[PDB]
């Protein structure tokens, strides 16, 4: 059976990406505009405005490749939540982190839930050093992995100091 990121997972990702209702250029060097939950590309038209509900639809569509990468190799005994949490990791940090040779990627493939969660807890670094935002998103990501509603996963993430 083919899997999809659940609504609880889309809303977890959405809470950490943050919503902007009006097209805007996030940095002056980027060729394209951004809108909604980090949606970026040729489709974003100057002066476009959208609602949060439209943002979730876009986000779900923008997460398509991450969902396919996780779905193609994750053990079918993962829960929906555990699958959701990996979908957020792969969307955030790229699909390299679940390559067949990594430790994350072999626990994912075998369904070693306990190891998978321990590996998930380590993605807090940028260029080899801890970053507070990645500790927050990871902490909440671990709460999502454990089955908690996105609202609680978010709060658990952001309460990390």
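Positions refer to the first chain, counted from 1.
The PDB entry reports B-factors from which the mean C-alpha value can be compared for 126-134 and 45-53; the larger average falls on 126-134. For residue 82, the recorded CA B-factor ranks within the lowest third of the chain. Only modelled residues enter the ranking. Per-chain ranking of the deposited C-alpha B factor places residue 58 in the lowest third.
Per the deposited record, the Cα B-factor of residue 39 falls in the lowest third when ranked against the other modelled residues of its chain.
Annotation for residue 20: CA B-factor lies in the middle third of the chain's modelled residues.
In this PDB entry, the Cα temperature factor of residue 73 sits in the top third of its chain's modelled residues, the highest group.
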